[PDB]
Every structure is written in structure tokens, then in C-alpha cells.
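Here is the structure we will look at.
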Amino acid sequence: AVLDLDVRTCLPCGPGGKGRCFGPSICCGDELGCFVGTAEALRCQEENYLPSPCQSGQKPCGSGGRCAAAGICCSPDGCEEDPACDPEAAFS
């Protein structure tokens, strides 16, 4: 997706703002693991309370998608701990 407005980088997620919103009912903090509609993901509840634009930060990867949360590489259906970035990955 594209940018939101003047202030880029959508709303954070997780603890304080380590994470952020990604695709749909999802939230995944790179330095804060991946949560789809989970406790640490509810921050995206605001992503469906006010019809407006939004942007994410999904650094691509060969794991059927782009990187995101803890060594995550997300897809259009959901994310997964991808060895591409940190969990199922190397000792990253």
C-alpha cells in the first residue's frame, strides 16, 4: 500500500510502539514478533474504527512475501515466522 498522509508510518503496535499495523486484522512487530488479531495485535482495532488511509513496512523476502515481525515474512493471508528474517531463521 501507499502512504497515509503527512505523517507517514501508520499507528504502532505491541508495547508502546514497537510494532505496527500491516495487512488486515494483523499486527507484527519486527523487533516485537508477529500477532494476527492477537493481544499484541489489537492495536489495529483502530485500523477499522476510522475509515482512512494507512501504510506499512514490509521488507520483501523469498518466503512468499515480505518481512515484518520477528524474522517474519508476511503474506496476503497472514504472516509466519520466516527463517528469512529471525525465528525459524538463524540465531537472529
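If you go through the stretch 19-41 one residue at a time, do you hit one that is part of a loop (DSSP other than H, G, I, E, B), buried (at least 16 other Cβ atoms within 10 Å of the Cβ) and among the charged types (D, E, K, R)? Checked against the condition, which is being part of a loop (DSSP other than H, G, I, E, B), buried (at least 16 other Cβ atoms within 10 Å of the Cβ) and among the charged types (D, E, K, R), the stretch 19-41 yields at least one hit.
Per the conditions (1) of a type outside the set (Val, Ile, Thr); (2) more than 18 Å from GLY14 (Cβ to Cβ); (3) under 10 Å from the mean Cα position of the chain (by Cα), the sole criterion not satisfied by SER56 is (2).
Please tell me if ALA1 is part of a loop (DSSP other than H, G, I, E, B) and buried (at least 16 other Cβ atoms within 10 Å of the Cβ).
Working: part of a loop (DSSP other than H, G, I, E, B): yes; buried (at least 16 other Cβ atoms within 10 Å of the Cβ): no.
In short, no.
Against the list (1) surrounded by 22 or more Cβ atoms within 10 Å (Cβ to Cβ); (2) in contact with a helix residue (DSSP H, G or I) (Cβ under 7 Å, 6 or more places away or on another chain), the condition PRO12 fails is (1). Take the residues in the stretch 43-91 that are surrounded by fewer than 16 Cβ atoms within 10 Å (Cβ to Cβ) and among the aliphatic types (A, V, I, L, M), then tell me which one is nearest to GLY19 (Cα to Cα). Ranking the qualifying residues of the stretch 43-91, first place goes to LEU50.
Note that each Cβ is placed from the backbone with ideal geometry, even for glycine, and that neighbours are counted across all protein chains shown. No value in this document is a laboratory result; all are computed from the given coordinates.
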